[PDB]
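Chemist: Sequence, then structure. It's an experimental one.
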Amino acid sequence: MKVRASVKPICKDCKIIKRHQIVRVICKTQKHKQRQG
Amino acid sequence: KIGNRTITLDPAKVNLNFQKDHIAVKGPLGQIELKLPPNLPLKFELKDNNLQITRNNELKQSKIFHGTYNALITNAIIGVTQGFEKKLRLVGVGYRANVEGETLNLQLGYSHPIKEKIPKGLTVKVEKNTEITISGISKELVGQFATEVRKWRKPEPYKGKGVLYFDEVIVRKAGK
Amino acid sequence: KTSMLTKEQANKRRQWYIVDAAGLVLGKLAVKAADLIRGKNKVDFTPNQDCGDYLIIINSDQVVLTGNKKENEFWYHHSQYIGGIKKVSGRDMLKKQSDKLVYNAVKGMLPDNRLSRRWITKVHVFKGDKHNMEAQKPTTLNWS
Amino acid sequence: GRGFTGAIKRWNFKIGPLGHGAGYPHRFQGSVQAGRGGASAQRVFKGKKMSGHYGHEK
RNA sequence: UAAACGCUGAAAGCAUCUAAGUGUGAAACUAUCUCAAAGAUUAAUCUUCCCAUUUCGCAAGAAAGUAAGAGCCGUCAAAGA
RNA sequence: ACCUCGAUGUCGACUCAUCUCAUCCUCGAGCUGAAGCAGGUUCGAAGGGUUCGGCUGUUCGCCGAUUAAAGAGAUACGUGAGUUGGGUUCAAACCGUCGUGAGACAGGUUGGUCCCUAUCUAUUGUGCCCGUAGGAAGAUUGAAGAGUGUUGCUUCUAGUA
RNA sequence: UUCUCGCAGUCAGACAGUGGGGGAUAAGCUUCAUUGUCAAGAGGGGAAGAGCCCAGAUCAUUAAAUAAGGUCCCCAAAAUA
């Protein structure tokens, strides 16, 4: 999703997943999705 | 947990057969062919009315499989004894569904009607023009088929219109 | 001064063998294959002549590899044209050309040599099992 | 068979103005220079559109 | 197949497109459209024709060098400096 | 302050373009302060293409019109042993200034000479000898690659959602 | 490595390390002092490399111990846990 250099817990529902060696964050909001940790 | 959890067996019709690297299960719902990797890190000691699994060594792959295989066997048992069922709700005034044989056809926001084929081993029941009931013996296939159905139409946040996975709550948006 | 070290003088002869590659990895099989082709393992090695032996490979389509290099590793080859680079993966070679893959893999460890040019062609690579070379009565062996 | 054709016709190229006295040569392959020196191109590359025998092609 | 969207599914009893398994999906890529071709020395394959004119040499035709074909020369063109 | 100044010729204009992506459009996906439409947003993404005219010697740059767009770099500020020198940087002359004076202006102003019979490699076509294993003639597999992979408008579905 | 005598030669050094300055503890840059090298002296390691490491070559050896360094193959050179 979002291009960054790190990932942060945006809210209390921001789980951290590692799909295909790619670390992303999943949360309630579709704007709460980031990438590139 | 899961590796420490053991599940009983009800072999009224269900019986187990050890293949070279697979498992053959027979029960009320067809025959189940459990595909497992060769040289299994886990060992599934099956007794009367009980099954217990354990790994011969400690490996991260083996540690993962300690729960993975147990969950997979439990899901296979519950599927063969009861099946996996899911309801899809197609909400929309012009969004209508019906099924003829294996060919399910939809009238949607697209002017082009969309046709899809029912996969083998899964049964589709069109109880209502806005309701679909998928009933299989494997959760993987029914989930994948539900995704194949929903990829054509998905609910919208401004106004619920699309294929809900049995009418979940969605984020409400607005605009005039 | 000198001891006049003497070696073979055109007394060479190459012996045909049969090998199957199904479980060996590419590099550690190819090194010994090259050593057998050049006759390195023999004691009467002569570079002024040839001292290797013939070799025929059977069912090269079943060669396996460690890790995900079948899908992770890629091999490049450039032809002198725009876009002449061809990039291949391990699984593609198992699908299109494994015999050529192993052939060039063995050729890559060969020295830059006029005889190695005439040595790489001495191996007969087949992804099957039947060929006219069986009439030569090869000495079937393994671990090459 | 068109025999010894021209690159202007073999490749169907375009020639600019002939006014203002722009020298005698007007039908040539254009600039064959891509790079010079032992750092950028140093040569003519393979696969270059050039004239020759035209026709007699199945 | 990339990104991306996934199902089951653990570590993490929830959940998870990934870890095993199971998919979809890009004007890019391997093909299918066209060119071309074994000096592809990696020298390949198939078919067809010719004949072994008694008889030698450091290994066999010194000597009759084809019954097959090609070449030299001319007419030329759908060719073609 | 360097291999090069017993010599690596340039600014630009025309021709040849190529490659790459930090993609402009065409391809795809996701989020929205994305009702629709028109979007913004981040990425994968290099196959193709991305205008014309006026002025400036001017590349550039400004303006007008047009498409979906009029993307960005590199290749000696690519490209004369492919063309031109318009400017530029020979003397020649004037204007304004400076030096008193020869003169100078990183000012303008006018014109003001671009050499080549191709040795080799690469590179595009076509032949000669040999190979392809008795000689000759056809037909091939395909080893290897190469060309090619642009795209707009109108109508219907439908003024429908 | 003292003095005298005769003949000189060189000042356009560079590199690597240390301590620096300037530059920006940018520059294979400049300025310095010091420690070594090439210049003026080759060789092995370093993928090929003047200044790095090991090292200082009368000549012939188809003799041995080695240094740096290296031991899957190209390419001599090992294995066990």
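Modeler: Cool, the structure landed. Residues are numbered from 1 along each chain as shown, chains lettered A, B, ... in the order given.
Chemist: Burial check on the residue of chain B found nearest chain D, number of neighbours?
Modeler: Chain B approaches chain D most closely through residue B:112 (42.4 Å), counting by CB to the nearest CB. Quick note: C-beta positions are derived from backbone N, CA and C, even for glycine. The burial metric for residue B:112, expressed as a neighbour count using other CB atoms under 10 Å in any protein chain shown, is 8.
Chemist: And for residue C:76?
Modeler: Other residues within reach of residue C:76, judged by other CB under 10 Å, total 8.
Chemist: Which parts of chain C are helices?
Modeler: Using DSSP state H, the helices of chain C run over C:26-38, C:90-95, C:99-108, C:114-120.
Chemist: returning to that earlier point: could you pull up the contacting residues of the residue of chain B closest to chain D?
Modeler: Contacts for residue B:112 (CB atoms under 8 Å, 6 or more residues apart in numbering or on different chains) come out as none.
Chemist: Can you tell me how far it is from residue B:152?
Modeler: 11 Å (CB to CB, to the nearest Å).
Chemist: Also residue C:124?
Modeler: Look at residue C:124 and residue B:152: by CB to CB, they are 55 Å apart.
Chemist: and chain D, which residues reach RNA strand E?
Modeler: Contact residues of chain D with respect to RNA strand E, defined by CB under 7 Å from any atom of the strand, are listed as D:1-4, D:53, D:55-58.
Chemist: what's the most distant pair in these?
Modeler: D:4 and D:58 (20.2 Å; CB to CB).
Chemist: hang on, the earlier thing: quick one: which of the residues of chain D next to RNA strand E is nearest to residue D:10?
Modeler: Residue D:10 has its nearest neighbour among the residues of chain D next to RNA strand E in residue D:2, at 8.3 Å by CB to CB.
Chemist: Tally up the residues packed near the closest one, please.
Modeler: By other CB under 10 Å, 11 other residues sit near residue D:2.
Chemist: hang on, the earlier thing: so if I had to pick from residue C:124 and residue B:152, which one is more boxed in?
Modeler: In terms of neighbours (other CB under 10 Å), residue C:124 is the more surrounded of residue C:124 and residue B:152; the figures are 19 against 14.
Chemist: For that one, which non-adjacent residue is spatially closest?
Modeler: Once its chain neighbours are removed from consideration, residue C:124 has its nearest residue in residue C:56; the separation is 4.4 Å (CB to CB, 6 or more residues apart in numbering or on different chains).
Chemist: what's near enough to touch that neighbour?
Modeler: Residues in contact with residue C:56, defined by CB under 8 Å, 6+ apart, are C:16-19, C:123-126, C:131, C:133, C:138.
Chemist: Buried ones among these?
Modeler: C:16-19, C:123-126, C:138 (16 or more other CB atoms under 10 Å in any protein chain shown).
Chemist: ok so, going back, so which of the contacts of residue C:56 would you say is closest to residue A:3?
Modeler: Checking the contacts of residue C:56 against residue A:3 by CB to CB gives residue C:125 as the nearest, at 47.0 Å.
Chemist: what about the helices in the chain?
Modeler: Picked chain A for this. Residue ranges of helices cannot be listed for chain A, since DSSP H assigns none.
Chemist: oops, I was thinking of chain B
Modeler: B:60-82, B:139-150.
Chemist: how close does the residue nearest the centre of chain C get to residue B:97?
Modeler: In chain C, the centroid-proximal residue (CA atoms, centre = their mean) is residue C:106; its distance is 4.3 Å. Residue C:106 sits 60 Å away from residue B:97, going by CB to CB.
Chemist: just how off-centre is stretch C:98-118 within its chain?
Modeler: Mean-position distance between stretch C:98-118 and its chain equals 6 Å (CA atoms, centre = their mean, to the nearest Å).
Chemist: swap that for stretch C:137-144, please
Modeler: 14 Å.
Chemist: cool, stretch B:107-118 as well?
Modeler: Centroid separation between stretch B:107-118 and its chain, computed with CA atoms, centre = their mean, is 23 Å.
Chemist: And the helices of chain B: which comes nearest residue B:88?
Modeler: Taking CB to CB, helix B:139-150 is the member of the helices of chain B nearest to residue B:88, at 6.3 Å.
Chemist: ok, is the closest one in contact with RNA strand F or not?
Modeler: No: among the residues of helix B:139-150, none lie within reach of RNA strand F under CB under 7 Å from any atom of the strand; the closest is 11.1 Å away.
Chemist: anything in that helix near RNA strand E?
Modeler: Yes: interface with RNA strand E: helix B:139-150 contributes B:139-144, B:146-147 (CB under 7 Å from any atom of the strand).
Chemist: How about that helix, which residues are buried there?
Modeler: For helix B:139-150, the buried set under the neighbour-count rule, 16+ other CB under 10 Å, comprises B:139, B:141-142, B:145-146, B:149-150.
Chemist: Quick one: check stretch B:155-164 for contact with RNA strand E.
Modeler: No: contact check for stretch B:155-164 against RNA strand E, using CB under 7 Å from any atom of the strand: none in range, with a minimum separation of 12.1 Å.
Chemist: Between the two ends of that stretch, how far is it?
Modeler: One end of stretch B:155-164 sits 7 Å from the other (CA to CA, to the nearest Å).
Chemist: Run through who's touching it.
Modeler: Here stretch B:155-164 makes contact (CB under 8 Å, 6+ apart) with B:88-92, B:95, B:149-150, B:152-154, B:170-175.
Chemist: could you point out the longest strand in chain B?
Modeler: Ranked by residue count and defined by DSSP state E, the top strand of chain B is strand B:84-91.
Chemist: so the nearest residue to residue B:121 once chain neighbours are set aside bridges to which residues?
Modeler: For residue B:121, the nearest residue in space outside its immediate sequence neighbours is residue B:136; the separation is 5.9 Å by CB to CB, 6+ apart. Listed by DSSP bridges, the beta-bridge partners for residue B:136 are residue B:84.
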